[PDB]
Each structure stands twice: as structure tokens, then as C-alpha cells.
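**Student:** Handing over my_file_30.cif, mmCIF, C-alpha atoms.
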data_input
#
loop_
_atom_site.label_atom_id
_atom_site.label_comp_id
_atom_site.auth_asym_id
_atom_site.auth_seq_id
_atom_site.Cartn_x
_atom_site.Cartn_y
_atom_site.Cartn_z
CA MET A 1 -5.95 15.62 -3.04
CA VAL A 2 -2.58 14.15 -2.10
CA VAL A 3 -2.01 11.46 0.50
CA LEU A 4 1.29 11.12 2.31
CA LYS A 5 1.80 7.76 4.00
CA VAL A 6 4.69 7.59 6.43
CA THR A 7 6.02 4.15 7.35
CA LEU A 8 8.00 4.27 10.58
CA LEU A 9 8.55 2.25 13.71
CA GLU A 10 5.89 2.75 16.39
CA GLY A 11 6.85 4.55 19.57
CA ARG A 12 6.83 8.23 18.62
CA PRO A 13 5.15 10.48 21.20
CA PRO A 14 1.92 12.33 20.24
CA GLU A 15 3.65 15.71 20.12
CA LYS A 16 6.18 14.41 17.59
CA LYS A 17 3.46 12.88 15.36
CA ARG A 18 1.49 16.11 15.47
CA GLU A 19 4.55 18.17 14.47
CA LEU A 20 5.42 15.78 11.63
CA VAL A 21 1.88 15.90 10.22
CA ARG A 22 1.65 19.67 10.43
CA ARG A 23 5.00 20.32 8.70
CA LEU A 24 4.51 17.75 5.94
CA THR A 25 1.04 19.15 5.26
CA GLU A 26 2.23 22.79 4.96
CA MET A 27 5.06 21.76 2.68
CA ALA A 28 3.02 19.53 0.37
CA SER A 29 0.14 21.99 0.16
CA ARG A 30 2.34 24.88 -0.91
CA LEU A 31 4.67 22.91 -3.17
CA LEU A 32 1.99 20.94 -4.98
CA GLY A 33 -0.57 23.73 -4.97
CA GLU A 34 -3.16 21.58 -3.20
CA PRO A 35 -5.79 23.04 -0.84
CA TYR A 36 -4.46 22.75 2.70
CA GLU A 37 -7.54 20.76 3.74
CA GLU A 38 -7.05 18.35 0.79
CA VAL A 39 -3.69 17.10 2.04
CA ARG A 40 -4.04 13.86 4.00
CA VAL A 41 -1.38 12.15 6.07
CA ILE A 42 -1.53 8.54 7.28
CA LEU A 43 0.99 7.23 9.78
CA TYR A 44 1.67 3.55 9.25
CA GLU A 45 3.46 2.57 12.46
CA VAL A 46 5.19 -0.80 12.29
CA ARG A 47 6.06 -3.01 15.25
CA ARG A 48 9.67 -3.96 15.77
CA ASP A 49 8.71 -7.58 15.14
CA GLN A 50 7.26 -6.69 11.73
CA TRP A 51 10.21 -4.87 10.16
CA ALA A 52 13.50 -6.36 9.00
CA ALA A 53 16.61 -5.01 7.33
CA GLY A 54 19.46 -7.21 6.14
CA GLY A 55 17.46 -10.29 7.06
CA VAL A 56 17.09 -9.37 10.74
CA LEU A 57 13.87 -8.39 12.53
CA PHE A 58 14.29 -5.30 14.66
CA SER A 59 12.76 -7.17 17.58
CA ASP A 60 15.91 -9.34 17.52
CA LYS A 61 18.42 -6.64 16.57
CA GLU A 62 17.20 -4.79 19.66
CA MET B 1 -8.61 -12.71 -7.82
CA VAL B 2 -9.54 -9.14 -6.95
CA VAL B 3 -8.49 -7.43 -3.76
CA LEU B 4 -10.45 -4.57 -2.28
CA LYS B 5 -8.57 -2.69 0.40
CA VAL B 6 -10.65 -0.24 2.35
CA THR B 7 -8.79 2.50 4.22
CA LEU B 8 -11.03 4.03 6.91
CA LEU B 9 -10.83 5.37 10.45
CA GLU B 10 -11.02 2.67 13.16
CA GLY B 11 -14.21 2.57 15.27
CA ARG B 12 -16.93 1.12 13.01
CA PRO B 13 -19.15 -1.47 14.72
CA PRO B 14 -18.87 -5.13 13.66
CA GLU B 15 -22.28 -5.16 12.04
CA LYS B 16 -21.42 -2.30 9.71
CA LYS B 17 -18.10 -3.91 8.85
CA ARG B 18 -19.64 -7.27 8.01
CA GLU B 19 -22.35 -5.52 6.00
CA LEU B 20 -19.71 -3.55 4.05
CA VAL B 21 -17.61 -6.63 3.30
CA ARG B 22 -20.73 -8.43 2.11
CA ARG B 23 -21.92 -5.68 -0.24
CA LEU B 24 -18.43 -5.08 -1.69
CA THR B 25 -18.01 -8.75 -2.40
CA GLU B 26 -21.41 -9.13 -4.06
CA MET B 27 -20.83 -6.10 -6.29
CA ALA B 28 -17.25 -6.97 -7.18
CA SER B 29 -18.20 -10.57 -7.93
CA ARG B 30 -21.06 -9.44 -10.14
CA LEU B 31 -19.53 -6.49 -12.01
CA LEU B 32 -16.21 -8.26 -12.56
CA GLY B 33 -17.47 -11.83 -12.82
CA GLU B 34 -15.14 -13.18 -10.13
CA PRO B 35 -15.95 -16.18 -7.94
CA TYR B 36 -16.73 -15.23 -4.32
CA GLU B 37 -13.71 -17.11 -3.03
CA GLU B 38 -11.52 -14.98 -5.28
CA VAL B 39 -12.92 -11.71 -3.95
CA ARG B 40 -10.85 -10.71 -0.94
CA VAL B 41 -11.43 -7.67 1.20
CA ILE B 42 -8.90 -6.20 3.62
CA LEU B 43 -9.94 -3.52 6.07
CA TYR B 44 -7.04 -1.20 6.77
CA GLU B 45 -8.35 0.56 9.88
CA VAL B 46 -6.31 3.59 10.77
CA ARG B 47 -6.18 4.81 14.39
CA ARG B 48 -7.37 8.29 15.24
CA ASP B 49 -3.79 9.16 16.21
CA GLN B 50 -2.56 8.14 12.76
CA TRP B 51 -5.14 9.86 10.55
CA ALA B 52 -4.81 13.52 9.52
CA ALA B 53 -6.47 16.02 7.19
CA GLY B 54 -5.72 19.73 7.04
CA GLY B 55 -2.67 19.08 9.19
CA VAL B 56 -4.77 17.93 12.12
CA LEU B 57 -4.69 14.41 13.60
CA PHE B 58 -8.21 13.11 14.26
CA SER B 59 -7.22 12.31 17.85
CA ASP B 60 -6.62 16.05 18.30
CA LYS B 61 -10.03 16.75 16.78
CA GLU B 62 -10.84 20.34 17.64
CA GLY B 63 -14.54 20.20 16.76
CA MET C 1 17.09 -1.58 -2.67
CA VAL C 2 14.26 -4.10 -2.76
CA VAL C 3 11.25 -4.07 -0.45
CA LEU C 4 9.20 -7.17 0.27
CA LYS C 5 5.85 -6.65 1.94
CA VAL C 6 4.14 -9.77 3.24
CA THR C 7 0.38 -9.48 3.85
CA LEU C 8 -0.89 -12.29 6.01
CA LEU C 9 -3.32 -13.09 8.81
CA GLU C 10 -2.11 -12.32 12.36
CA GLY C 11 -0.99 -15.27 14.48
CA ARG C 12 2.19 -16.76 13.03
CA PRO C 13 4.80 -17.75 15.67
CA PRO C 14 7.84 -15.43 16.01
CA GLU C 15 10.01 -18.42 15.04
CA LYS C 16 8.47 -18.76 11.58
CA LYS C 17 8.33 -14.98 11.02
CA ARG C 18 12.02 -14.77 11.81
CA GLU C 19 12.91 -17.52 9.35
CA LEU C 20 10.64 -16.23 6.59
CA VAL C 21 12.43 -12.91 6.85
CA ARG C 22 16.00 -14.28 6.75
CA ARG C 23 15.14 -16.58 3.83
CA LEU C 24 13.18 -14.08 1.72
CA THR C 25 16.12 -11.73 2.19
CA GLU C 26 18.67 -14.30 1.03
CA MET C 27 16.70 -15.41 -2.04
CA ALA C 28 15.91 -11.82 -3.02
CA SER C 29 19.49 -10.75 -2.39
CA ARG C 30 21.20 -13.31 -4.64
CA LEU C 31 18.61 -13.55 -7.41
CA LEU C 32 18.64 -9.76 -7.83
CA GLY C 33 22.23 -8.93 -7.02
CA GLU C 34 21.10 -6.62 -4.25
CA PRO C 35 23.22 -6.27 -1.11
CA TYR C 36 21.82 -7.80 2.10
CA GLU C 37 21.63 -4.43 3.85
CA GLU C 38 19.58 -3.07 0.93
CA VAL C 39 16.84 -5.66 1.36
CA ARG C 40 13.87 -4.76 3.54
CA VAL C 41 10.95 -6.91 4.62
CA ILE C 42 7.74 -5.65 6.17
CA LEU C 43 5.07 -7.87 7.64
CA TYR C 44 1.58 -6.45 7.30
CA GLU C 45 -0.36 -8.63 9.74
CA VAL C 46 -4.12 -8.39 9.35
CA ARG C 47 -6.59 -9.15 12.18
CA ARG C 48 -9.31 -11.73 11.67
CA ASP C 49 -11.91 -8.99 11.83
CA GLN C 50 -10.22 -7.12 8.95
CA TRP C 51 -9.72 -10.06 6.62
CA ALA C 52 -12.47 -11.46 4.38
CA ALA C 53 -12.90 -14.02 1.62
CA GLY C 54 -16.16 -14.77 -0.15
CA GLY C 55 -18.04 -12.08 1.76
CA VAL C 56 -17.16 -13.47 5.17
CA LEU C 57 -14.91 -11.86 7.77
CA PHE C 58 -12.73 -14.51 9.34
CA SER C 59 -13.76 -13.14 12.74
CA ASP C 60 -17.26 -14.37 11.91
CA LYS C 61 -16.33 -18.02 11.41
CA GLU C 62 -16.94 -20.37 14.35
CA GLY C 63 -13.91 -21.55 16.31
CA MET D 1 -13.29 10.16 4.04
CA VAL D 2 -12.81 6.58 2.86
CA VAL D 3 -10.45 5.22 0.24
CA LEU D 4 -11.18 2.04 -1.65
CA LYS D 5 -8.23 0.58 -3.51
CA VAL D 6 -9.03 -2.10 -6.04
CA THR D 7 -6.15 -4.36 -7.07
CA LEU D 8 -6.96 -6.21 -10.28
CA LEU D 9 -5.31 -7.31 -13.54
CA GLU D 10 -5.23 -4.62 -16.21
CA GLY D 11 -7.39 -5.09 -19.29
CA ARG D 12 -10.92 -4.49 -18.03
CA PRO D 13 -13.14 -2.39 -20.34
CA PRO D 14 -13.42 1.31 -19.41
CA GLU D 15 -17.18 1.04 -18.83
CA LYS D 16 -16.74 -1.85 -16.40
CA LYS D 17 -14.27 0.23 -14.45
CA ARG D 18 -16.54 3.29 -14.54
CA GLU D 19 -19.49 1.24 -13.30
CA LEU D 20 -17.38 -0.36 -10.57
CA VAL D 21 -16.25 3.05 -9.35
CA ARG D 22 -19.78 4.44 -9.41
CA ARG D 23 -21.31 1.42 -7.61
CA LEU D 24 -18.53 1.20 -5.00
CA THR D 25 -18.93 4.90 -4.21
CA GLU D 26 -22.73 4.83 -3.84
CA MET D 27 -22.58 1.82 -1.56
CA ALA D 28 -19.65 3.02 0.57
CA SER D 29 -21.25 6.45 0.87
CA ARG D 30 -24.67 5.23 1.99
CA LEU D 31 -23.38 2.41 4.15
CA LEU D 32 -20.73 4.43 5.98
CA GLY D 33 -22.59 7.73 6.00
CA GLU D 34 -19.66 9.38 4.22
CA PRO D 35 -20.43 12.28 1.88
CA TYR D 36 -20.42 11.17 -1.75
CA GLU D 37 -17.53 13.53 -2.60
CA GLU D 38 -15.39 12.17 0.26
CA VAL D 39 -15.35 8.64 -1.11
CA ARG D 40 -12.30 7.93 -3.19
CA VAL D 41 -11.45 4.98 -5.37
CA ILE D 42 -8.00 4.07 -6.70
CA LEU D 43 -7.62 1.45 -9.37
CA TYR D 44 -4.36 -0.41 -9.02
CA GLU D 45 -4.12 -2.26 -12.32
CA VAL D 46 -1.40 -4.89 -12.31
CA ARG D 47 0.28 -6.13 -15.48
CA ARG D 48 0.16 -9.79 -16.40
CA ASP D 49 3.92 -9.90 -16.11
CA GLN D 50 3.71 -8.56 -12.51
CA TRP D 51 1.02 -10.89 -11.13
CA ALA D 52 1.65 -14.47 -10.02
CA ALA D 53 -0.22 -17.24 -8.27
CA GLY D 54 1.24 -20.63 -7.50
CA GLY D 55 4.66 -19.51 -8.64
CA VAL D 56 3.37 -18.67 -12.13
CA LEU D 57 3.25 -15.21 -13.73
CA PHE D 58 -0.02 -14.76 -15.56
CA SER D 59 1.92 -13.54 -18.59
CA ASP D 60 3.13 -17.13 -18.79
CA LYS D 61 -0.54 -18.11 -19.00
CA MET E 1 14.60 3.99 8.52
CA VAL E 2 11.52 5.88 7.33
CA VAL E 3 9.56 5.60 4.10
CA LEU E 4 7.35 8.32 2.73
CA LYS E 5 4.91 7.33 0.04
CA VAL E 6 3.20 10.11 -1.85
CA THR E 7 0.04 9.18 -3.73
CA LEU E 8 -0.78 11.85 -6.27
CA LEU E 9 -2.04 12.25 -9.81
CA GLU E 10 0.54 11.73 -12.52
CA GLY E 11 1.78 14.78 -14.42
CA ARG E 12 3.98 16.83 -12.08
CA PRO E 13 7.08 18.35 -13.75
CA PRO E 14 10.48 16.85 -12.87
CA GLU E 15 11.55 19.99 -11.00
CA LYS E 16 8.48 19.92 -8.79
CA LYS E 17 9.14 16.29 -7.96
CA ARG E 18 12.78 16.75 -7.09
CA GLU E 19 12.00 19.70 -4.82
CA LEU E 20 9.21 17.73 -3.14
CA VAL E 21 11.60 14.82 -2.53
CA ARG E 22 14.27 17.15 -1.09
CA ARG E 23 11.81 18.91 1.24
CA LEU E 24 10.25 15.66 2.49
CA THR E 25 13.66 14.12 3.05
CA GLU E 26 15.12 17.00 5.04
CA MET E 27 11.97 17.41 7.14
CA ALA E 28 11.52 13.71 7.92
CA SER E 29 15.19 13.43 8.76
CA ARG E 30 15.01 16.55 10.92
CA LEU E 31 11.86 15.80 12.89
CA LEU E 32 12.46 12.08 13.42
CA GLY E 33 16.24 11.98 13.92
CA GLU E 34 16.68 9.58 11.01
CA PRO E 35 19.89 9.63 8.94
CA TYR E 36 19.21 11.84 5.90
CA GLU E 37 20.67 9.17 3.65
CA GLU E 38 18.25 6.54 5.00
CA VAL E 39 15.06 8.40 4.17
CA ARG E 40 13.28 6.89 1.19
CA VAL E 41 10.51 8.47 -0.83
CA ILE E 42 8.31 6.71 -3.33
CA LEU E 43 5.93 8.54 -5.66
CA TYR E 44 2.88 6.46 -6.39
CA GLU E 45 1.63 8.42 -9.41
CA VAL E 46 -1.92 7.39 -10.31
CA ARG E 47 -3.22 7.72 -13.87
CA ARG E 48 -6.17 10.04 -14.45
CA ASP E 49 -8.24 7.02 -15.45
CA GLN E 50 -7.38 5.20 -12.19
CA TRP E 51 -8.26 8.02 -9.76
CA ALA E 52 -11.86 8.73 -8.74
CA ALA E 53 -13.64 11.02 -6.27
CA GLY E 54 -17.40 11.37 -5.92
CA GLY E 55 -17.84 8.36 -8.18
CA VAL E 56 -16.12 9.96 -11.16
CA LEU E 57 -12.76 9.11 -12.72
CA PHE E 58 -10.54 12.15 -13.23
CA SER E 59 -10.10 11.27 -16.90
CA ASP E 60 -13.88 11.58 -17.39
CA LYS E 61 -14.20 14.70 -15.28
CA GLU E 62 -11.31 16.48 -17.03
CA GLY E 63 -12.12 14.97 -20.42
CA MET F 1 -3.74 -16.78 1.37
CA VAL F 2 -0.49 -14.84 1.65
CA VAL F 3 0.41 -11.89 -0.57
CA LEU F 4 4.01 -10.97 -1.24
CA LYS F 5 4.44 -7.53 -2.79
CA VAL F 6 7.90 -6.83 -4.16
CA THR F 7 8.83 -3.21 -4.73
CA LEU F 8 11.76 -2.88 -7.14
CA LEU F 9 12.94 -0.77 -10.07
CA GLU F 10 11.37 -1.57 -13.42
CA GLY F 11 13.52 -3.33 -16.00
CA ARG F 12 14.35 -6.82 -14.79
CA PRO F 13 14.26 -9.38 -17.64
CA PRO F 14 11.35 -11.86 -17.93
CA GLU F 15 13.44 -14.87 -16.86
CA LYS F 16 14.66 -13.12 -13.71
CA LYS F 17 11.14 -12.13 -12.63
CA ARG F 18 10.03 -15.69 -13.35
CA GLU F 19 12.77 -17.13 -11.12
CA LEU F 20 12.12 -14.59 -8.36
CA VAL F 21 8.43 -15.44 -8.32
CA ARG F 22 9.32 -19.15 -8.15
CA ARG F 23 11.86 -18.96 -5.34
CA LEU F 24 9.74 -16.60 -3.24
CA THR F 25 6.65 -18.75 -3.70
CA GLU F 26 8.75 -21.73 -2.63
CA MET F 27 10.00 -20.25 0.64
CA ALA F 28 6.66 -18.69 1.65
CA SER F 29 4.63 -21.80 0.82
CA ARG F 30 7.03 -23.81 2.95
CA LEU F 31 7.44 -21.73 6.11
CA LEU F 32 3.83 -20.55 6.34
CA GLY F 33 2.23 -23.88 5.53
CA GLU F 34 0.39 -22.48 2.52
CA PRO F 35 -0.76 -24.22 -0.70
CA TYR F 36 0.81 -22.69 -3.84
CA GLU F 37 -2.51 -21.49 -5.23
CA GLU F 38 -2.76 -19.36 -2.09
CA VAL F 39 0.60 -17.62 -2.40
CA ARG F 40 0.22 -14.52 -4.57
CA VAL F 41 3.13 -12.40 -5.70
CA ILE F 42 2.80 -8.89 -7.04
CA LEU F 43 5.69 -7.08 -8.62
CA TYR F 44 5.31 -3.37 -7.98
CA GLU F 45 7.87 -2.00 -10.43
CA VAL F 46 8.72 1.64 -9.91
CA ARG F 47 10.32 3.97 -12.40
CA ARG F 48 13.57 5.76 -11.67
CA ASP F 49 11.86 9.16 -11.44
CA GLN F 50 9.50 7.77 -8.74
CA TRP F 51 12.01 6.44 -6.20
CA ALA F 52 14.43 8.39 -4.06
CA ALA F 53 16.98 7.72 -1.32
CA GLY F 54 18.90 10.39 0.50
CA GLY F 55 16.79 13.05 -1.19
CA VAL F 56 17.88 12.10 -4.68
CA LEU F 57 15.64 10.49 -7.31
CA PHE F 58 17.30 7.60 -9.18
CA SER F 59 16.51 9.47 -12.40
CA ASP F 60 18.54 12.55 -11.37
CA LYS F 61 21.29 10.34 -9.96
CA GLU F 62 21.73 8.76 -13.38
CA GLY F 63 21.79 12.19 -14.99
CA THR F 64 19.82 14.01 -17.68
#
Kindly present the structure from the file in C-alpha cells form.
**Tutor:**
Amino acid sequence: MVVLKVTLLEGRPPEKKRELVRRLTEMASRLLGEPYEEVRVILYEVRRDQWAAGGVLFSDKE
Amino acid sequence: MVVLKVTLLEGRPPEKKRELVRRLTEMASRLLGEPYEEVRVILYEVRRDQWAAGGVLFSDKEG
Amino acid sequence: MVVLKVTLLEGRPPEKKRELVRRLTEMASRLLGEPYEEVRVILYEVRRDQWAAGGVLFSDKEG
Amino acid sequence: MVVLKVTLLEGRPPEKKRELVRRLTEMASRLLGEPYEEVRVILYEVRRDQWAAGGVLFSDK
Amino acid sequence: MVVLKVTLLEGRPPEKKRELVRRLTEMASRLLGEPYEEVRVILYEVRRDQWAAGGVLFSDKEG
Amino acid sequence: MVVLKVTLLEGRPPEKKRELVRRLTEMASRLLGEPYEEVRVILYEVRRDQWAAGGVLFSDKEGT
């Protein structure tokens, strides 16, 4: 088993999440030689007021 | 201090969650000899639209 | 790059979150010779019904 | 499936860790109705020089 | 930006790891519209004696 | 309780880690109204062949 955790800002439409999960899964499965069904993906969506870069929260930089 | 982080799909009823937290604490305290106050449990509940296996998001669950 | 992840209970005012972030970034930046832009902070806010100490979920405490 | 991550200082005896994994799995499996093989445990062992409380690294006692 | 954390058993050859990182980076950048240079990947390689499934540590299962 | 996890490359000297842990514990204890004993810091040190930016692992960037 291999788990891919993607940290990204929330807001992505369902179709985009679905595409991302499908492509990452195919790629990891083949490349690592893991059973397709054994590849897990978790999307950790962060709020803009929970992520900062260069000392500034994205809720403010927005 | 010992921290048990449980990653599971959202949806479990409160009773089951409080029962899980209780059992994990009692076992961890015992087996590792940690004081109850030092045993912390964090429930990382993942949404159905954020949890995938076999390239399929649970929210898309084919069934 | 340096990543700081803060795990804390939900509920802190945006004012304090904003200051914690600026400060943690400054301290981490100078003490580690990392450029400002290369310092990231993520706030993992946990709900009261996902946070437990001593076998008790905070959502189960009165008040 | 369910994943249980245990963050604890390194140094515990192998049998304590084995027992912990076994007990955690049985209990999570039965309690959450998850198949025994679908329960996963990850032991995140932290070094004494990477763990602090009260501003003091445990390596510094 | 976007961070991809891969949790997998330790032991993969350097070439496998660099290809994995390249593939994940191009795909994440492509599908999410994130600058290729901003995509970060961290490999959380777990020891065989820290990874269990079905109540058994991989180190015991394999050895 | 507040937990601060710092992800950084392995290698910083003891004194530097000690100072980092002190300063961070100072700022967090202050702004979040938390007693020292309740501010935990974990240093998640990653090796150069486990961290990548722009599709390049720090290990390959430094050469072989």
C-alpha cells in the first residue's frame, strides 16, 4: 500500500479532484508496482485562513 | 505524552467515536504506562469527497 | 524551506492566528537563515468532537 | 480502511510495540466493523533530540 | 502551492524515487495550474518495523 | 495543548534546535494563552533524498 496525501487550498471542483486522484493513482501504481486498489489518495484541503507563506495568511493576501 | 491520530472516513456516530477514544486511551495508557492526561487522541475525519482507493473517490462510490 | 504546522483546537480569533503566523515566520526565518518567502505555516484546526485528552472528547464536556 | 498513527518517543521494546499494534488493530477492527486486514498502524517514533515540551528538548533531559 | 506527501515503505532505489518525484510534480502542476517550481514532494519512508497491516509489523511478516 | 511540528532538513546543530524550540515555544505560549507544559514541539527532520521542489530531490541537486 502507498498513500498519497495532497495538501492544497480548498475550492477545486469535483471533476478536478476526480481527475487528480485517477491520474496520481495510475502513475503511482505502475511506477511503484503496487496493486491499483492498494493505492490510496487523501485530499487535505486547507482554508485560506489556515495557510500562510512569507508570514501572510492567504485570507489576507486575497 | 503519546498521540494517537486516527484517520477514518467522516460519518461515524458520536457514540462510536466516544467509545473508540475511550478504548484507545485505556489501552495506550496501560500498554505504554502513560497517564491518561498524557494520552491524546485526534480524529482526522476525511470527507467522502477527499478519500480515494483504486482511483475512485468515495463520494463517487459506484457500488 | 521550512514548514511549521500548528495543531490546535478550533476557535482562535483571526487576529491571534494572523499574529502567530507573522511571528512564527520571523523567528523561524532568522534563527534558521531561511528566506521569508521560503517559510510556510499551516494551521490544522481540530473540532471539539475530534480532540480528546484522558479518554474524553472535548465535545463531551459541559459548557 | 482505517489508519492509526501513533506518535511516541523512540526506545520502546519491540514486544511492547508489537502488542500495541496487535491490540489497537483488534479493537479498531471490532469497534469500527473494519476488516482486520484493512486496519493499518504506523509508528512515528520521535527522537529525544526532536521532541520538546515547555521549551525543553527531551535530549536535554 | 501544493504539497504531495507519499507514505511508503523504505527501500525504493534512488532512480525510482526521482522518477516518482518528476511524474508527481509534472502531473500536479498540469492538473492544478500550479507553477512547476512551486510543487513540493515529501517522501515519508516508514521503516519495516514501524508499518503494520492486519495487526502485523512488516518486519515480522517479512522476517 | 498546542503542537508545533517543524519540517526541515536534517543536520541543524544541537544549539540551534535548542534555540528554535525555545523561541517558538515563547511565541506560541504567548499569543495562544497556553502554559509552557502544554506547548509541544516536534522536529520532523527530513533527509535530502526525501524532499523535492520543482521536481528535483535535494540529494540529486547536490550531486552524486
**Student:** Using all atoms listed in the file for the distances, tell me which of A:52, A:8, A:39, A:57 is nearest to chain E.
**Tutor:**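 The shortest atom-to-atom distance to chain E comes from A:8.
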**Student:** Please measure the separation of atom CA of residue 25 of chain F and atom CA of residue 47 of chain D, giving the value in Å to one decimal.
**Tutor:** 18.4 Å
**Student:** Using 9 Å as the limit and counting only C-alpha atoms, can you tabulate each residue of chain E that touches chain A, with its shortest atom-to-atom distance in Å and the two atoms involved, as a Markdown table?
**Tutor:**
| residue | atom | partner | partner_atom | distance |
| --- | --- | --- | --- | --- |
| E:1 | CA | A:8 | CA | 6.9 |
| E:2 | CA | A:8 | CA | 5.1 |
| E:3 | CA | A:7 | CA | 5.0 |
| E:4 | CA | A:6 | CA | 4.6 |
| E:5 | CA | A:5 | CA | 5.1 |
| E:6 | CA | A:4 | CA | 4.7 |
| E:7 | CA | A:3 | CA | 5.2 |
| E:8 | CA | A:2 | CA | 5.1 |
| E:9 | CA | A:2 | CA | 8.0 |
| E:12 | CA | A:32 | CA | 8.4 |
| E:16 | CA | A:31 | CA | 7.4 |
| E:19 | CA | A:31 | CA | 8.2 |
| E:20 | CA | A:31 | CA | 6.9 |
| E:23 | CA | A:27 | CA | 7.5 |
| E:24 | CA | A:24 | CA | 7.0 |
| E:27 | CA | A:24 | CA | 7.6 |
| E:28 | CA | A:20 | CA | 7.4 |
| E:31 | CA | A:20 | CA | 6.6 |
| E:32 | CA | A:16 | CA | 7.9 |
**Student:** When distances are computed from all atoms listed in the file, which of D:1, D:32, D:46, D:6 shows the smallest separation from residue 54 of chain E?
**Tutor:** D:1
**Student:** What is the distance between atom CA of residue 29 of chain E and atom CA of residue 43 of chain E, in Å to one decimal?
**Tutor:**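 Taking atom CA of residue 29 of chain E and atom CA of residue 43 of chain E, their separation equals 17.8 Å.
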**Student:** Output the contact residues of chain F with respect to chain C at a cut-off of 6 Å, based on all atoms listed in the file, as a PDB file with C-alpha atoms, in the coordinates of the input.
**Tutor:**
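Generated output (iface34.pdb):
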ATOM      1  CA  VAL F   2      -0.490 -14.840   1.650  1.00  0.00           C
ATOM      2  CA  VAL F   3       0.410 -11.890  -0.570  1.00  0.00           C
ATOM      3  CA  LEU F   4       4.010 -10.970  -1.240  1.00  0.00           C
ATOM      4  CA  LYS F   5       4.440  -7.530  -2.790  1.00  0.00           C
ATOM      5  CA  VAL F   6       7.900  -6.830  -4.160  1.00  0.00           C
ATOM      6  CA  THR F   7       8.830  -3.210  -4.730  1.00  0.00           C
ATOM      7  CA  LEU F   8      11.760  -2.880  -7.140  1.00  0.00           C
TER       8      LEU F   8
END
